[PDB]
């Protein structure tokens, strides 16, 4: 009986992993202020239920397997059945709410995320747990009372309703099959809507690491490359059109400034091609003024990254701009945006992270360039740091939302792969009894328990913030 010690330790350590893993999930949500969102309220109840499974359900099932029979009597049996049947079904319901939540998040992105509340989450979690208890506890505990006899043998522990095969499959449909089909079709739709998505900036590319030396050094190097003196550098990048990028505003704005006493302190780099009439205008001002430089071509992002991390300001005179990645790209390299108050730009830029102007007004853009000239002092370094922080936090917002949706899919996938063997065994049992050996049935039962152990692992793998704080919690010892 040396094998008895082996199975008890393998499963005993598996019970320990589930208890450790879910306590760390629970503790991190409550301790870490960054993990206190509406989604993690539902992930907390999953860890609550999985802690119960790992601590109670697993240890009791270790007894059943090691002994070969149920030795703790009818009282402990009914309390083990009700506990297991409520907690497991609450987790199924929580997973169902979490999926519809992700579905609406993606299908109604301008209506539903505002309607999302922390109080609504708690009301939904309670509703799931209460509904599960009202649905399983009476069926588990009172079936023997209603019938008037306990049909369960003294050596076994199972729900009395399971004896009726019509109730067994009728419950597998309502508690597994139907909830899985719903969560499958909800996710097909999520994928379809996510396929047409517009991703933000590639933060692995747009960053200061690539640049060498000091900004003052790079700016002096860049200005001498275009054969120009040291001054306040203003840069434009984009298609030379009459419709949305608006080089004609900046071109008209330089003309207003060329009559001023501040013009000699300014430096202009105009990059892009398109309209030949607008290209010739840019080329005209380049000839008239030594502080104006024009590059009539669309340059690759690798050099634009160097330019953003060298120039003082970036002028975005967009007539129409829905997303404004150009602002975020420039802000990440320390460039201060002087942009039109349109679409995405209106959202990205604040009073502390750049100058906003009225679109299609060369007079207001000229005044803004003049305001930027007065800002030229030690105050630029602290302004640049605000532009970095804002663009990085803003880009982190779009990355974390898809990350949450990716985690819930991984938890649904984990759930499907672990409970399908047992549910398909139940399906085989309907027509073929003694088709499945007792050893194969036990593998099916244990896989349902393993789902509780692999859910914390899903949070560490699909979320970087969870993986880091897990190590921080074990640090305390």
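Residue numbers count along the first chain shown, from 1.
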Mean C-alpha temperature factor, higher of 397-405 and 134-142
397-405
Given the B-factors recorded for C-alpha atoms, which segment has the greater mean, 66-74 or 426-434?
426-434
Please pick out which of 213, 334, 337, 179 has the largest Cα B-factor as recorded in the entry.
213
Thinking about Cα B factors across the chain, which third does residue 329 belong to?
lowest
Looking at the temperature factor on the CA atom of residue 183, which third of the chain's modelled residues does it land in?
lowest
Would you please rank residue 353 by its C-alpha temperature factor against the other modelled residues of its chain and give the third it falls in: lowest, middle or highest?
middle
Please place residue 255 in the lowest, middle or highest third of its chain according to the CA B-factor in the PDB entry.
lowest
Which third, lowest, middle or highest, does the CA B-factor of residue 273 fall in along this chain?
middle
